[PDB]
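Worksheet for the structure shown next.
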């Protein structure tokens, strides 16, 4: 029935403004208030405010006050939340949900996809892939991989042997570097006897920068 | 439409919710 | 609303999550489950009322100003970040959410980390940065300590770590400690090692490379 549609992740420049949208697929946006919850990737859910359809009244928390504006296109019933004067702290995922203030539910039942908003403080950069040599032993669990470094912003996708190599592949979560760029390391466990015979190639693709690098790791 | 912030809850949208009547106003 | 940060449990037992309040009739408290990468889902409403389609293993209780969510028959699929939420009886009727509780099903096995050290790639050394990567693979749980020892000297503040859960195939963990040094400082030293201490390997395991 009622499902909420949100746009995709949007990286923004410090000091700009983003207007995350919320569409009612099957809903009418004319009875139950639509609450907006802000969540950093690892955070506790944090209610920002609510917009109520019957009376065109918007309620916003004092902490979020002054920047949040609850606009809404009445035609097609699409509500928009615009967080103005963006700052680094603002980086979080923003969810729109149908609040059942009236009625027995007394909770937010239908949630939205969630539009991730990040404040860049950095320019897009292609990834620099560096090989992780699998030591030098002919045996046995041998570890090799690729170091994707200095790329902005996510996502980057790393595969091994063009998707053939799956087991043992451990792509590690991206870590924001002190410079402001992202970096990840992907490792794979292989038999050390195959080090010389087998050809191991990591396929890294940074679609934001449209950089597809096929680095090879066979020391 | 550009909804406005009023820092109160109307009792028109408040049904079966008791917390509303604990804190509700009107024009 | 405040919740315990994490609640660990063995498979089959019953864990409970507290939701202590500093208000809406103290019957509006509800319980939410947010699995990683997914939207929050309403699991329990009206203290104990269970929305249709939710497993019977979830219940709700209310003591004083503390709300409790009890999960019977804890399974590895049950683990998620659980949040309690209720209205705050404020001017705009704030809906306050809880801090969050990471339920974890964790028992019956122990694994030792497979330590592998990677010297910095000379290509990256050309760029000017030296990334020494220490890899801990297939260990459980993640209470492991990694000490960067450069020429028998501990290095701190220059190490960044990342952890991943290996599905359920091994239900283990993987860590990548990255020691980043400048090309000059890297060449200034000789021996680079990462001593690793974990529950699986009580005796300290160190992987060293000399350049």
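In chain B, numbers come from Swiss-Prot; the residues present are 163-189, in order.
Determination method: X-ray crystallography, 3.1 Å.
Any Cβ shown, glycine's included, is placed from N, Cα and C.
Taken verbatim from Swiss-Prot:
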- B:173-B:186: disulfide bond (DISULFID)
- B:176-B:182: disulfide bond (DISULFID)
Here the Cα-Cα span from residue B:186 (disulfide bond) to residue B:176 (disulfide bond), rounded to a whole number of angstrom, reaches 9
Per DSSP (three-state), residue B:186 (disulfide bond) is coil
Chain C neighbours, taken from disulfide-bonded residues B:173, B:176, B:182, B:186 with C-beta distance under 8 angstroms, are B:182
Across all protein chains shown, the disulfide-bonded residues B:173, B:176, B:182, B:186 give the max Cβ-within-10 Å count at B:182
Filtered disulfide-bonded residues (B:173, B:176, B:186) by Cβ distance under 8 Å to chain A; hits in sequence order, or none, are B:176
According to DSSP, residue B:176 (disulfide bond) sits in coil
Residue B:173 (disulfide bond) to residue B:182 (disulfide bond), Cα to Cα, whole Å, comes out at 7
